[PDB]
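Colleague: experimental coordinates for this protein are included below, preceded by the sequence.
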Amino acid sequence: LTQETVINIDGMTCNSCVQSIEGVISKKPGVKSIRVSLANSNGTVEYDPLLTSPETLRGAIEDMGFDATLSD
């Protein structure tokens, strides 16, 4: 199964943070493709509902240490 979610991520301090978030979250269960935009300050994540969810992904980003809030 495939669903998309946009999570606004504030505090992505330089491309280092962007890359780190993108790479780590990509490897979390359920996540398939992910595109983290610094310009829009958000993570556009494609994931499987059965494995993970928007709130879980927000939780993971928050655990890494970024101000994550569900956008759509």
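Modeller: Received, thanks. Residues are numbered from 1 along each chain as shown.

Colleague: got the CA positions of stretch 6-15 in PDB?
Modeller: Provided in PDB are the C-alpha atoms of stretch 6-15 (Å, rounded to 0.1, in the frame of the first residue of the first chain):
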ATOM      1  CA  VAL A   6       3.800  16.400   3.800                       C
ATOM      2  CA  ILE A   7       5.300  17.200   7.300                       C
ATOM      3  CA  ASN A   8       6.700  20.700   7.800                       C
ATOM      4  CA  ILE A   9      10.200  20.400   9.400                       C
ATOM      5  CA  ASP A  10      11.800  23.500  11.000                       C
ATOM      6  CA  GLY A  11      15.400  23.600  12.200                       C
ATOM      7  CA  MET A  12      17.000  21.700   9.200                       C
ATOM      8  CA  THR A  13      20.300  23.500   9.700                       C
ATOM      9  CA  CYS A  14      22.100  23.200   6.300                       C
ATOM     10  CA  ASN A  15      22.000  20.400   3.600                       C
END
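
Colleague: isn't residue 5 up against residue 54?
Modeller: Yes. Using C-beta atoms under 8 Å, residue 5 is in contact with residue 54, at 4.3 Å. From N, CA and C alone the C-beta is placed, and that goes for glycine too.

Colleague: overlap of the contact sets of those two?
Modeller: Counting by C-beta atoms under 8 Å, 6 or more residues apart in numbering, the residues touching both residue 5 and residue 54 are residue 70.

Colleague: so where's the longest helix in this protein?
Modeller: helix 14-26 (DSSP state H).

Colleague: from the chain's centroid, how far away is the following helix or strand past that one?
Modeller: Sequence order places strand 34-37 as the next helix or strand after helix 14-26, per DSSP states H and E. Its chain's C-alpha centre and that of strand 34-37 lie 7 Å apart, by C-alpha atoms, centre = their mean, to the nearest Å.

Colleague: tell me the buried residues in the helix or strand following strand 34-37?
Modeller: Where DSSP H and E defines the elements, the next helix or strand beyond strand 34-37 is strand 42-47. Going by neighbour count (16 or more other C-beta atoms under 10 Å), the buried part of strand 42-47 is 42-45, 47.
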